[PDB]
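> Right, I'll just put the structure down here and ask away after.
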Amino acid sequence: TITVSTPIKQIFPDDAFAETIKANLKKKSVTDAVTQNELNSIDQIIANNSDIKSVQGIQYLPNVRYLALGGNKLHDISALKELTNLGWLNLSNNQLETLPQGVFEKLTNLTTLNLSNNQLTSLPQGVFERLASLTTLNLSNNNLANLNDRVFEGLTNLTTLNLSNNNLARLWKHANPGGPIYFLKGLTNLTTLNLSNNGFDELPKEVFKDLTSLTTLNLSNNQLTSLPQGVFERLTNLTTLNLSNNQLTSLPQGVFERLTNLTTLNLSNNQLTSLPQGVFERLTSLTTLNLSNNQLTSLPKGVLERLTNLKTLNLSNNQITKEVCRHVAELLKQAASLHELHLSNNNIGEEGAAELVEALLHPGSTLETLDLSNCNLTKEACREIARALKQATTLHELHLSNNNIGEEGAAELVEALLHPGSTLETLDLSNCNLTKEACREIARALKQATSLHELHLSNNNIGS
Ligand SMILES: [Ca+2]
């Protein structure tokens with residue numbers, strides 16, 4: 001408390017923060033005197049990127065609720081201890097290396113706490129004990145490596161917790177001294193967990209066993225090579241699972257068997273070379289499966305069977321076998337939901353494209369986008385595709401870039417696309433072995449194509 005009109009300057013030693021208080025109170029100068037009543041009138045401060053090193057003085061602002069200090073140079077935050085009305089707090093992008101146990105002992109009304117992009121290395125026990133109303137905690141982009149069992153104890157109303165771009169990996173290795181640290185114990189309301197970008201190479205079963213309420217788990221960009229059976233056993237409410245960008249080489253059978261609400265599974269960028277049958281048996285809600293950038297070849301009949309709600313399937317960048325193309329096509333004759341199908345950079349060839357035309361020729365195909373970039377397709381894969389382009393009325397996008405289509409192949413497609421049942425909006429035929437003469441004839445005849453918004457003919461550079 002102050003009891004005399006005092007210059008801002010005298011209360012807030014940091015020239016930059018004084019200027020913040022001046023602005024915040026609408027005074028012309030830091031030399032202007034303030035009263036306690038005026039300091040009591042401050043319930044919100046927005047001071048991101050203000051070149052602040054020091055919030056000394058803020059102690060005298062008993063009523064602050066919303067405090068935004070992102071982008072400054074704060075290392076200490078003692079001055080905040082007792083601002084008990086704080087509900088929203090942004091301290092991201094400062095120079096905080098360390099936090100005392102108990103700095104938030106008194107911040108009982110805090111609901112949102114952003115601590116991202118600092119240089120925290122560890123956190124003492126119960127550093128958030130008394131934040132019972134806290135629902136969002138962001139600790140991404142720190143250097144965190146050292147947490148105990150109970151660093152997140154007391155946080156029983158937490159709904160979002162972001163730990164991305166830290167270095168927690170060693171804490172979850174089995175040989176780690178004491179065993180792995182199960183620091184998600186009790187987090188019963190947690191709905192959103194982002195654990196991407198640590199160096200995680202093991203994942204103990206039971207790290208998530210209490211997360212009854214989880215909807216989104218992000219494990220992207222770690223070093224994982226396998227998942228223990230039942231590491232998701234009790235994540236029953238889960239809708240989004242992101243396992244992209246790991247080293248996954250095998251999945252156990254029924255790692256996801258208890259995840260019936262799952263709508264989105266990102267398995268992209270790994271080294272999966274196989275998938276056990278049944279792995280997708282109980283995912284009847286799943287609408288997006290992304291398996292791109294992996295080393296797939298063969299797959300059991302009915303790895304995709306139960307996925308009758310599936311809507312986008314991405315198998316780009318694999319070495320899919322002609323067999324697998326028949327399963328996919330199989331799915332489409334039955335599912336009648338699959339809309340996007342990405343098969344880029346696979347050796348499909350005529351053999352696969354024919355298999356895939358079978359479905360497209362089936363009245364019940366809902367397929368809207370097909371991408372067969374660089375699929376090693378021929379001019380006679382196009383006789384077969386053309387067949388469908390006349391019929392498959394739901395088909396709107398077709399990408400055949402970087403294939404050896406040639407002119408006789410392209411012509412097939414123009415006679416098809418000029419046909420009454422063509423509803424195609426987009427055609428990509430870049431690098432398909434075409435002349436300008438070709439490309440110009442193509443462009444011209446497709447101006448008559450009623451549905452065609454979009455047409456690419458690049459990397460086809462020969463004049464006659
Ligand atoms: Ca000063």
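Note that each Cβ is placed from the backbone with ideal geometry, even for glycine, and that neighbours are counted across all protein chains shown. Bear in mind these aren't lab numbers, they're just calculated from the coordinates by the rules spelled out.
> Report the FRET efficiency, 1/(1 + (r/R0)^6), for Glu437 and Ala169, where r is their Cβ-Cβ distance and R0 is 35 Å, rounded to 0.05. List each step's numbers first, then the result.
Values: r = 58 Å, r/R0 = 1.66.
After rounding, the FRET efficiency stands at 0.05.
> Classify region 136-175 as rounded, prolate or oblate, taking a ≥ b ≥ c as the square roots of the eigenvalues of its Cα gyration tensor: rounded when a/c is under 1.5, otherwise prolate if a/b is larger than b/c and oblate if not. Numbers along the way, then the final one.
Values: a/c = 2.47, a/b = 1.34, b/c = 1.84.
Since a/c reaches 1.5 but b/c is at least a/b, the shape of region 136-175 is classed as oblate.
> Given the DSSP H assignment, sum -39500 (n - 2.57) over each helix run of at least 4 residues in the chain and divide by its residue total; what's the result at 222 nm in deg cm²/dmol, nearest 500? Walk me through the numbers on the way to the answer.
On the way: 8 runs with 78 residues, N = 464.
Taken over the chain, the calculation gives -5000 deg cm²/dmol.
> Still on this structure, I have one more. In Å³ and rounded to a whole number, note down the convex hull volume per residue for the Cα atoms of region 200-343. Please report the intermediate quantities before stating the final value.
Details: hull volume 12.0 nm³, N = 144.
So the per-residue hull volume is 83 Å³.
> How far is helix 349-360 tilted, in degrees, relative to the longest principal axis of the Cα atoms in the chain, given as a value from 0 to 90 rounded to the nearest 10?
80
> Determine which residues of region 37-74 fall in the zone a paramagnetic label at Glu82 would reach in this model, i.e. backbone nitrogen under 13 Å from the point 7 Å along Cα→Cβ.
Of the residues in region 37-74, 57-63 have backbone N under 13 Å from the label point off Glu82.
> Please report the net charge: other residues with Cβ closer than 11 Å to the Cβ of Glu454, K and R +1, D and E -1.
On the way: positive: none; negative: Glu397, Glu425, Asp428.
Computed value for this residue: -3.
> Which value in Å does the Kirkwood hydrodynamic radius of region 3-146 take, with 1/r averaged over all unlike C-alpha pairs and then inverted? Please list the in-between numbers first.
On the way: mean 1/r = 0.0643 Å⁻¹.
Value: 15.5 Å, from the Cα pair sum.
> Turning to a different aspect of this structure: What does the C-alpha gyration tensor say about the overall shape of region 311-443? Classify as rounded when a/c is under 1.5, otherwise prolate if a/b is larger than b/c, or oblate.
On the way: a/c = 1.86, a/b = 1.30, b/c = 1.43.
Oblate.
> Gap in Å between the Cα centre of region 262-289 and the Cα centre of region 24-71?
Here the answer is 51 Å between Cα centres.
> Mind checking the full-extension length gain between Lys322 and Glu105? Use 0.36 nm per residue of separation minus the Cα-Cα distance, one decimal, nm.
Gain in length upon complete extension: 71.8 nm.
> Considering only Cα-Cα distances, which of the following residue pairs are longer than 20 Å: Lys22/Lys106; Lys173/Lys205; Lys27/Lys53? Display every interim value, and only then the final one.
Numbers: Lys22/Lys106 27 Å; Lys173/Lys205 11 Å; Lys27/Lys53 22 Å.
With Cα atoms farther than 20 Å apart: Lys22/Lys106; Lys27/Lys53.
> Work out Dmax and Rg for region 153-266 from the C-alpha atoms and quote the Rg first, both in angstrom.
Answer for region 153-266, Rg first and Dmax second: 13.1, 38 Å.
> If one computes the Cα centroid of region 199-235 and of region 377-411, what distance in Å separates the two points?
So the separation of the two Cα centres works out to 43 Å.
> Test of understanding: ordering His174, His396 by Cβ neighbours within 10 Å, fewest first, what list do you get? Walk me through the numbers before you get to the answer.
Details: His174 8, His396 19.
By the 10 Å Cβ count, ascending: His174, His396.
> So which of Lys26/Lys73; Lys209/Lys333; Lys209/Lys322 end up more than 30 Å apart by C-alpha? Before the final figure, lay out the partial values.
On the way: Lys26/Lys73 24 Å; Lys209/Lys333 39 Å; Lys209/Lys322 40 Å.
Flagged as over cut-off: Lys209/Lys333; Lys209/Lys322.
> Quick one: Cα centre-to-centre distance for region 443-464 and region 161-181, in angstrom?
54
> I would also like to ask the following. Could you calculate the FRET efficiency of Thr260 with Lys447 from 1/(1 + (r/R0)^6), where r is the beta carbon distance between them and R0 is 51 Å, rounded to 0.05? Present the calculation step by step, with values, prior to reporting the outcome.
Working: r = 49 Å, r/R0 = 0.96.
Using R0 = 51 Å, I get an efficiency of 0.55.
> In µm²/s, what is D for the chain at 4 °C and 1.567 mPa s, where D = kT/(6 pi eta Rh) by Stokes-Einstein and Rh is the Kirkwood radius from Cα pairs? Mind dumping the intermediate values first?
Numbers: Rh = 26.0 Å.
This corresponds to a translational diffusion coefficient of 50 µm²/s.
> How do the peptides 434-442, 352-360 rank, highest first, by the average count of neighbouring beta carbon atoms within 10 Å per residue?
Details: 434-442: 17.4, 352-360: 23.0.
So the peptides 434-442, 352-360, ranked by packing, come out 352-360, 434-442.
> Sticking with this one: Within region 150-190, find all residues whose amide N lies under 16 Å from a label point positioned 7 Å from the Cα of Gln223 along Cα-to-beta-carbon.
In region 150-190, the label zone of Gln223 (backbone N under 16 Å from the point 7 Å along Cα→Cβ) covers 165-177.
> Rounded to the nearest 10 degrees, what's the angle between the helix 15-25 long axis and the longest principal axis of the chain, both from Cα atoms, 0 to 90?
Relative to the chain, helix 15-25 is tipped by roughly 90 degrees.
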